[PDB]
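# Reading the structure
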Amino acid sequence: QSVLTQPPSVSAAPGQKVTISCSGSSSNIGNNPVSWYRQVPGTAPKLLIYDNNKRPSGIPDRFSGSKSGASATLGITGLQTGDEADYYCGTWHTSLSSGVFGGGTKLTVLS
Amino acid sequence: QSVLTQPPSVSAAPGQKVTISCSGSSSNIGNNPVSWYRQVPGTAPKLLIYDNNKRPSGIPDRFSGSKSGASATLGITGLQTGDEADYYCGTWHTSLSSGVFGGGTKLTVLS
Amino acid sequence: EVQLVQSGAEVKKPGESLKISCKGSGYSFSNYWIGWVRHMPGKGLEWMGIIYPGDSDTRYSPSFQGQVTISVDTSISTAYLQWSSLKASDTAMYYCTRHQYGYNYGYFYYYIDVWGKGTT
Amino acid sequence: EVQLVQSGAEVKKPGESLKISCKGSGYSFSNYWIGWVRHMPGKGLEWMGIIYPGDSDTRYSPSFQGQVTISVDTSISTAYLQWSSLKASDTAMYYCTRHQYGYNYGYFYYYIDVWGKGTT
Amino acid sequence: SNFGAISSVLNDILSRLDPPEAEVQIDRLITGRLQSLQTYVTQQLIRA
Amino acid sequence: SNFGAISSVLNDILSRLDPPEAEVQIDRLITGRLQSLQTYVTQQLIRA
Amino acid sequence: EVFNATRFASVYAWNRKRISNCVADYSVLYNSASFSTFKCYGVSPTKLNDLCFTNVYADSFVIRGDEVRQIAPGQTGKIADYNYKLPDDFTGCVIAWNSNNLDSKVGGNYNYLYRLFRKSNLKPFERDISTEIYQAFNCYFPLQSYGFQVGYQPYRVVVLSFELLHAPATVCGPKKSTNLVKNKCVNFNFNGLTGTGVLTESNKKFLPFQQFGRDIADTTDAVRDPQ
Amino acid sequence: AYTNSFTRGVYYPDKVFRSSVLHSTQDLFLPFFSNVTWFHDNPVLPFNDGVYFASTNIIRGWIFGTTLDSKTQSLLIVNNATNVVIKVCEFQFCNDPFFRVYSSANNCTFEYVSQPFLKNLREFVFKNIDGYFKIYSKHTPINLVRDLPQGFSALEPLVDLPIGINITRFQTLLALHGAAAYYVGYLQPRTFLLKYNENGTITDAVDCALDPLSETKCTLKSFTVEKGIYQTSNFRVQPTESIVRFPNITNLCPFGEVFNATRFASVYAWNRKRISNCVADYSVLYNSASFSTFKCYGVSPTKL
Ligand SMILES: *[C@@H]1O[C@H](CO)[C@@H](O)[C@H](O)[C@H]1NC(C)=O
Ligand SMILES: *[C@@H]1O[C@H](CO)[C@@H](O)[C@H](O)[C@H]1NC(C)=O
Ligand SMILES: *[C@@H]1O[C@H](CO)[C@@H](O)[C@H](O)[C@H]1NC(C)=O
Ligand SMILES: *[C@@H]1O[C@H](CO)[C@@H](O)[C@H](O)[C@H]1NC(C)=O
Ligand SMILES: *[C@@H]1O[C@H](CO)[C@@H](O)[C@H](O)[C@H]1NC(C)=O
Ligand SMILES: *[C@@H]1O[C@H](CO)[C@@H](O)[C@H](O)[C@H]1NC(C)=O
Ligand SMILES: *[C@@H]1O[C@H](CO)[C@@H](O)[C@H](O)[C@H]1NC(C)=O
């Protein structure tokens, strides 16, 4: 559906180590670094993970990332219920000179 | 159906000079040399023609091959009835880093 | 502290044109790229297109080329879009935002903040 | 004289896991690639995936990635596969074989011998 | 004098060049300062 | 002496180099063995 | 064994083996039409058959294609400075051939890797396999992998660096020796020492570890025949 | 327990047979008349580029290495009294050798066996020159036991080993049963004149940097100098320290402005800006792994 491919949703208890992954071509992701954001229902998306495996200031160290080939992985430790959200992956696509997003992933905590 | 394309079958009398040909992309065949095998019904396939136009020891000189661009040709002289079999073309495909086969060709002798 | 503010609640009928506003404050506006991303209800964000305020250079995603012509006013540091004819399925939450698009020495892409709202 | 021998006649029901065996004898086993190719009845051979016995490095065709995890035991020069859940259409004649995959000076692929059997 | 090197002061050619490339310039000085010192010696052996 | 060539024995530089490249090293010997032979001659013409 | 091997070490810690006590047909390498960049420094390839060397080292590793120009005397860059540097004095020959068929992958290989953050870029032929996390525990550690899938074709590189003039000869290409003569001035070739002259039996007391003598000015005056 | 190294430590630096020649060379040698540590319990000792070692049929082989444990590569030369054996296998630390000195033959990498080395005096020079372990030895009749005999002796090589092991510490081995006496001397990069005999045996040598009188013997290329005044070398005062004085400015030069800029002019009319009055950290550009083609002319990047 989207030029990047994402899982629809996941779920795991608080305290588990969750790794979701979103895939796309290598015309973009293989050469251009991957960005991930979080969106709470009713809250505008905020920057979560940037160029690769890196988080801004204010975001706790629990978040991490990893790009492999033409796909990306976003991992979180010490999961808590307020971390329930939607998670998105995005990156400037080189060929179409455009820049795109993943589909969206529904992280729902167990509780 | 297969990433290589093959004829379904052929037939020609004993003593005729038969040339079958199987086609594929140039991501593999144009750069990677073509291998052909023979399989008799109930007999595990054996190596017939390798990297190009070349046969192992024990195989009679009647067999020959030729690769052109993104396709291959397998030719046989002095055809005999015990040469009835299935014939296959294969070669390591570069892009998918995988290696693949043709579809299969039913050589049935006339008799 | 940077802030981008968008116009209030908007609703219109198919057949009409639109020009939504985005204002930036608290940073050198004429040195950062600014562009739009559409998030639909229960649907994911779509990358729309961006422009360089300093020189009115635009990049358009093909999925929106010709659809929306996006321009700027560097006199007051405010960017806007322009349409031709609203479609009924244009009802979504649009977003204006500033994103590093530079080439520090090795190329990098980003998103700093949005805090917007839009609908149709 | 090299020989590869496989397990006997095999039949199982959908819902189960498998680990088929292949044994090599008469050659330096820890210096040749070994891999699997599936021939279906009245159907053509499919290239499955291979592994380097010396260091347990694997190459998987995408049409079988995740399907079958193929491993080795260099202690006794024997290779095997592993599944998750047999499908009813998995009924075919599988084959284990050794094939030159080297880079002599200009690259070459080969197929030396199979003499196997398998079904499900 | 340059004799063709980038600079006539052996320190600078040495200060701002990597050894592999430098000695290619240092060689153009040595080959000159030698020929100019061996010219002086000869004229003295004749003058003496 | 090398005078900068790879080796001071004209046979080896000749033994293990293709003629196009070799003469670039042979030139560094000739240009030296000449200057050292013409130094000897001069000192003799003065000594004689 | 050098070339056909299915495992080339990462350039971070490049492999190296020493070849000795054998006859080395060099033609197999030269006249093969496979090798991409065949470049010989200090030696011409067509003559490798007629030389005798003390030691021959064959260091082998993989690299990104665009960097094959880094493997040469007196070149600089990330690979030529931080990972594997050849001296200004020659390395014999560099052979390299494109190799994305074997060593690339369906995805990023990530096994082959190189350091970008050595602090004190290494001297000729130094194999530094440490990991000290160059400063910004958290600071970036040196080795960063390389991902494969024509400037990013993985290229396999093998470098033959001939160790010339250290000891008696040990590696000599194919050349059918002939019986020796005396007292006729001949274009001789004793173990690589190529000359002319008449050969006479010697009374000069050699020692079992002396190979020849030179009176002065590199005049090889005596020599012990190899056989 | 220092003693004087009168003239010991001279060894054939190659095989190039020479005869009746005062040939000069520059190698690692035992400086003349140096004080040596006369050991007689066996601690660990630094290698320092190479070691002289002389003992007076009791002693056993040696051990060298960086840490003398399976952690890093180690070199072990055992003595069998039947055949000399060498191993680079990474043994464990044996603070007391005893054949109980062999901890474990783990990670065996190199091995070598030959005839054993075996009132008297045996002298050995060890050096690791460029991946090559050279050993030299000789054996001589001697009786003055309290001191190292005066006289001259050359040590022909026994073997080189293509190893390349970083050795920085070492110790003698002895399977136990006030012990015997041996001596230790270090090598230095010293120029030597060497007088080769009529049959090519080194008979005498001069240390070109010991004393003025030897300096003249060296420059004159002879062992005997006639009366006169000879010019040996030139002397200059070595610099006490290095000073640096750069201007006071600290206005760090704007490079991002050059590089990060989103508009590069067309090459038809190329832009140009002048940078001045600032401190320019150049490392940011050099050590960045982004830039594809980097090529300085007339200046080397690492020195900017
Ligand atoms: C240049 O851009 C870099 C990021 O690419 C930024 O860190 C820096 O502040 C910028 N400097 C100027 C003068 O714009
Ligand atoms: C090396 O591989 C070649 C084929 O590429 C083979 O002919 C040869 O026997 C192999 N040699 C060794 C020592 O493995
Ligand atoms: C070389 O070895 C062969 C095999 O023993 C022997 O016949 C021949 O005489 C040897 N050559 C010499 C010069 O001894
Ligand atoms: C010493 O020599 C004896 C007899 O040859 C042998 O059994 C023993 O293994 C040797 N020791 C070593 C360390 O080689
Ligand atoms: C031998 O070397 C390998 C590679 O570092 C290491 O894993 C192993 O532990 C070493 N052997 C011993 C006995 O430590
Ligand atoms: C050699 O060993 C010493 C002592 O451990 C160490 O400090 C030094 O860094 C090592 N150098 C090399 C090149 O191995
Ligand atoms: C070399 O040694 C022998 C024995 O010491 C001696 O007779 C001879 O004089 C020496 N030199 C020669 C070959 O004249």
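The notes below deal with the structure included here.

### What to know about the overall build of chain A
Each helix and strand counted, chain A has zero helices and ten strands in total. Going residue by residue from the N terminus, the α and β elements of chain A occur as β-β-β-β-β-β-β-β-β-β. Taken over C-alpha atoms, the radius of gyration comes to 13 Å for chain A, in line with the 13 Å a tight globule of 111 residues would show. Overall, chain A is about 45 × 30 × 25 Å in size when its C-alpha atoms are taken along their principal axes. Long-range pairs, those at least 24 residues apart, make up 59% of the contacts in chain A between residues at least 6 apart in sequence.

### Quick notes on the interface of chain D and chain G
Listed per partner, the contact involves 13 residues of chain D and 16 residues of chain G. Among the elements that take part in the side of chain D that touches chain G, strand β5 (residues 57-60) of chain D stands out by supplying three residues, more than any other. Here the residues of the side of chain D that touches chain G sort into seven nonpolar, three polar and three charged.

### Thoughts on the packing of aromatic side chains
In the structure shown here, the tally under the stated rule is 79 aromatic pairs over all chains. Arranged with centres 5.8 Å apart and planes meeting at 90°, the rings of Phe53(H) and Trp62(H) form a pair that is edge-to-face. Of the two residues examined, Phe53(H) and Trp62(H), each falls in the buried class. Sitting over the face of the ring of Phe90(G), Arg16(F) holds its NZ or CZ atom 5.8 Å from the ring centroid.

### With respect to the pattern of salt bridges
All names here are of chain G. Applying the stated criterion across every chain yields a total of 18 salt bridges over all chains. When the shortest N-O distance is used, the salt bridge between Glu-201 and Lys-182 registers 3.2 Å. Residue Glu-201 is located in the loop between β12 (193-194) and β13 (212-214), and its partner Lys-182 is located in the loop between β10 (171-172) and β11 (189-190); the two are separated by 19 residues in the primary sequence. Its salt-bridge partner being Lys-204, residue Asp-221 comes within 3.0 Å of it at the nearest N-O pair. One end of the pair, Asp-221, is in strand β14 (residues 220-223); the other, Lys-204, is in the loop between β12 and β13, with 17 residues separating them in the sequence. When its relative accessible area of 32% is taken as the criterion, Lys-204 is described as partly exposed.

### Brief notes about the state of the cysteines
By definition, a disulfide links the sulfur atoms of two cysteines through a covalent bond. Counting across every chain of the model gives nine disulfides over all chains. Disulfide pairing places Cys22(A) opposite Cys89(A) at an S-S distance of 2.4 Å. Remark: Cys89(A) occurs in strand β8 (residues 85-91) and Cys22(A) occurs in strand β3 (residues 18-24); sequence separation between them is 67 residues. According to the relative accessible area criterion, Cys22(A) is buried, its value standing at 4%. With no disulfide of its own, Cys296(H) lies 16 Å from the sulfur of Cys253(H), the closest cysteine sulfur.

### Here's the deal with the interface of chain A and chain C
With 19 residues of chain A at the interface, the matching set in chain C holds 19 residues. Summing both sides of the interface, chain A and chain C together bury roughly 1700 Å²; the carbon and sulfur share of this comes to 69%. Of all residues in chain A, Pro45(A), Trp92(A) and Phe101(A) give up the largest surface area on contact with chain C, accounting jointly for 35% of the area buried on that side. Taken together, the connections running from chain A to chain C amount to zero salt bridges. Summed over the shared surface of chain A and chain C, the number is three residue pairs in polar contact. Of all the secondary structure elements, the ones that give two or more residues to the side of chain A that touches chain C are β4 (35-39), β8 and β9 (100-101) of chain A. The residue inventory of the side of chain A that touches chain C, partitioned by class, reads eleven nonpolar, eight polar and no charged.

### Concerning unusual backbone geometry
Generally, phi is negative for residues other than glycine and the peptide bonds are trans, each holding for most cases. Phi at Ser56(D) is positive, roughly 60°, even though this residue is not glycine. If you check the backbone angles, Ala81(H) has positive phi at about 60° while not being a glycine. On the secondary structure map, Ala81(H) appears in the loop between β7 (74-79) and β8 (84-87). Looking at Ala81(H), the relative accessible area reads 64%, which means it is exposed.

### Description of helix α2 (residues 19-47) of chain E
Residue and element names in this part refer to chain E. For α2, built from 29 residues, the straight-helix expectation of 42 Å at 1.5 Å per residue is met to within 8% by its first-to-last C-alpha distance of 40 Å. If you check which residues of α2 are buried, you get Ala-22, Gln-25, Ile-26, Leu-29 and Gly-32. Residues of α2 that are buried make contact with α1 (10-15).

### Observations regarding the side chain of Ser32(G)
Topologically, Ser32(G) is positioned in the loop between α1 (27-30) and β3 (39-40). For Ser32(G), the side chain forms a polar contact with the main-chain oxygen of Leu29(G), separated by 2.8 Å.

### Section: the sheet that holds β3(A)
Residue and element names in this part refer to chain A. The strand order β1-β3-β7-β6 describes an open sheet built from four strands, whose pairing is antiparallel. Where the open sheet ends on each side, the last strands, each with one partner, are β1 (4-5) and β6 (63-68). Inspection of the sheet shows β1 paired to β3 by two bridges, in the antiparallel sense. The partner of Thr-5 across the bridge, within β3, is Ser-23.

### Some words on the nonpolar core
Residues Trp47(D), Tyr101(D), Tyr111(D), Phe3(G), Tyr26(G), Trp97(G) and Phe162(G) are the most contacted members of the largest nonpolar core, which totals 44 residues. Discounting chain neighbours no more than four positions away, the residues touching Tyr111(D) are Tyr37(B), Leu47(B), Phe101(B), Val37(D), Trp47(D), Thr97(D), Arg98(D) and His99(D). Counting residues in each nonpolar core, the second largest holds 24 residues, with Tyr12(H), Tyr136(H), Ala154(H) and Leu155(H) among its members.

Parameters and conventions
- Counting starts from 1 on each chain and goes along its sequence as written, which need not follow the entry numbering; residues with no coordinates are hidden.
- The naming scheme follows written order: chains are lettered A onward, ligands numbered 1 onward.
- Bear in mind the chains here are only a fraction of a larger assembly, and the values reflect that fraction.
- For the side-chain quantities, the full set of heavy atoms in the structure was used; hydrogens and water were omitted.
- Residues with missing side-chain atoms are left out of burial classes, side-chain pairs and their counts.
- Strands here are runs of E lasting at least two residues and helices are runs of H or I lasting at least four, both read from the DSSP assignment and numbered beginning at the N terminus.
- Only the C-alpha atoms count toward the radius of gyration. The rule for a globule is 2.2 Å times the residue count to the power 0.38.
- In this description, contact between two residues means that some pair of their heavy atoms is separated by no more than 4.5 Å.
- Only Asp, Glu, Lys and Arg are considered charged, only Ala, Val, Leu, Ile, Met, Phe, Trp, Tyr, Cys and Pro nonpolar, and every remaining residue, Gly among them, polar.
- In this analysis, rings of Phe, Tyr and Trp, with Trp reduced to its six-membered ring, are considered paired at centre separations within 6.5 Å, and the interplanar angle assigns stacked below 30 degrees, edge-to-face beyond 60, and tilted for intermediate values.
- Exposure categories follow from relative accessible area, calculated using a 1.4 Å probe and restricted to protein chains: below 20% of the type maximum is buried, above 50% is exposed, and the middle band is partly exposed.
- Distance and angle both matter: a charge sits over a ring if NZ of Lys or CZ of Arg is within 6 Å of the ring centre and within 35 degrees of the ring normal.
- One side-chain nitrogen of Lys or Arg within 4 Å of one carboxyl oxygen of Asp or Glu is enough to make a salt bridge.
- Any two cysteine sulfur atoms within 2.5 Å of one another count as a disulfide.
- What gets called buried area is simply the loss in accessible area from a 1.4 Å probe that two parts show on being joined, summed for both.
- Counted as a polar contact is a pair of N or O atoms within 3.5 Å, where, for protein atoms, one must be capable of donating a hydrogen and the other of accepting one, and residues adjacent in sequence contribute only when both atoms are in side chains.
- Given a helix with a known number of residues, its expected span is that number minus one, times 1.5 Å.
- A pair of strands is treated as paired once DSSP finds two or more bridges between them.
- Take the buried residues of types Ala, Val, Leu, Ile, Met, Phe, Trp, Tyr and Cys, join any two whose side-chain atoms come within 4.5 Å, and each joined set is a nonpolar core.

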